[PDB]
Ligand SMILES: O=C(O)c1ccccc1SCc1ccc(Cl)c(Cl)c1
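Next up is one chain by itself, shown in structure tokens, the form solved without the ligand.
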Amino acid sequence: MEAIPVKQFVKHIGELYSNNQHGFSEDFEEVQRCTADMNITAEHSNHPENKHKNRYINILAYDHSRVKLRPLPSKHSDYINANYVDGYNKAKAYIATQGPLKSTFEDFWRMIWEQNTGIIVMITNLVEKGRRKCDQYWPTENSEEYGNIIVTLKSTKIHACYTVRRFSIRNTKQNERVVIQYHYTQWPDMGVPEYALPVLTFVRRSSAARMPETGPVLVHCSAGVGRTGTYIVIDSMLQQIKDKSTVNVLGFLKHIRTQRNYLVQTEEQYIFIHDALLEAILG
């Protein structure tokens, strides 16, 4: 399970696709099993005091990698359903988290301040097929206050497949920071877009916007695992291709699966990762 030379990768994808995607099915099933002999604790996610702070009962934050909020002057005020996730050759390159609930808006923005995050990647719509996926944690216009964080919408650009919102935030304790949200608007929950190029462009533009030297890029959808994990793997493998001209989806995915449960939720999303890299390689 070593890295694959980029010049051999598209051929590799053809083989994985063949025979009703036998190879992809094997890879993904190996991913889903790779936790088998691993118990990973998530005591804080399961504590009664924190239950209401989880969007989904089955979607937890592993203790070892969870993002801690600085405690407030409650015993569990340190909890948010969020995990550090590695990037290419960089620990804690991302924070992967659920779509914030109204009850966690303050926690969410406090994390962003405390972690010095400058980029938010959002990969879900607020509502999909009439179903609630994420509450709107930013102001529709002008400014809104979440705890001691005041968020001000500065500009918006709406492209065909994603929207870029530029915010200014400040701590009432003032100190101000730019936060840019990259919001992909056409990616269904538990699904994949038909074409990978628009997501490839989205990943390239949102990744390039990362400022040195700043906090982890925050990535979320609704549960914060499926689309979120898919983004993280594509971004990370683009980096590896840039650095070493090799690709290691299977190995990198098995690794981050120890950092937050269920990253990359479906075989279809697993395949979509490969399609995006293929588009980059051939392009």
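Definition used throughout: the rigid core is the maximal C-alpha set that superposes within 1.5 Å between two forms. For every residue, the number given is its place in the sequence shown, counted from 1. Only residues modelled in both forms are compared.
FYI, the form deposited with the ligand bound isn't displayed, but the following is about it.
- Ligand-free form, site status blocked: the ligand, modelled in by superimposing site C-alphas onto its pose in the bound PDB entry, brings 3 or more atoms within 2.4 Å of backbone or C-beta atoms.
- None of the heavy atoms of residue 82 is located within 4.5 Å of the ligand in the bound PDB entry.
- Mapping the unseen interface onto this chain, residue 109 falls outside it, with no heavy atom inside 4.5 Å of the ligand in the bound PDB entry.
- At the 4.5 Å threshold, heavy atoms of residue 95 stay clear of the ligand in the bound PDB entry, well away from it.
- Although the partner is absent here, residue 269 sits close enough that one of its heavy atoms falls within 4.5 Å of the ligand in the bound PDB entry.
- Figure note: of the listed segments 197-205, 135-143, 74-82, 148-156, the one touching the ligand in the bound PDB entry, with heavy atoms no more than 4.5 Å away, is 197-205.
- Only one of the listed residues (113, 88, 167, 184) places a non-hydrogen atom within 4.5 angstroms of the ligand in the bound PDB entry, and that residue is 184.
- In the bound PDB entry, 123 is the single residue of 104-139 with at least one heavy atom within 4.5 Å of the ligand.
- After superposition on the rigid core, the C-alpha displacement between this form and the one not shown reaches 2 Å or more for just one residue among 111, 192, 119, 150, namely 192.
- Regions where at least three consecutive shared residues each shift by 2 Å or more at the C-alpha between this form and the one not shown, after core superposition, reduce to one span, 187-192.
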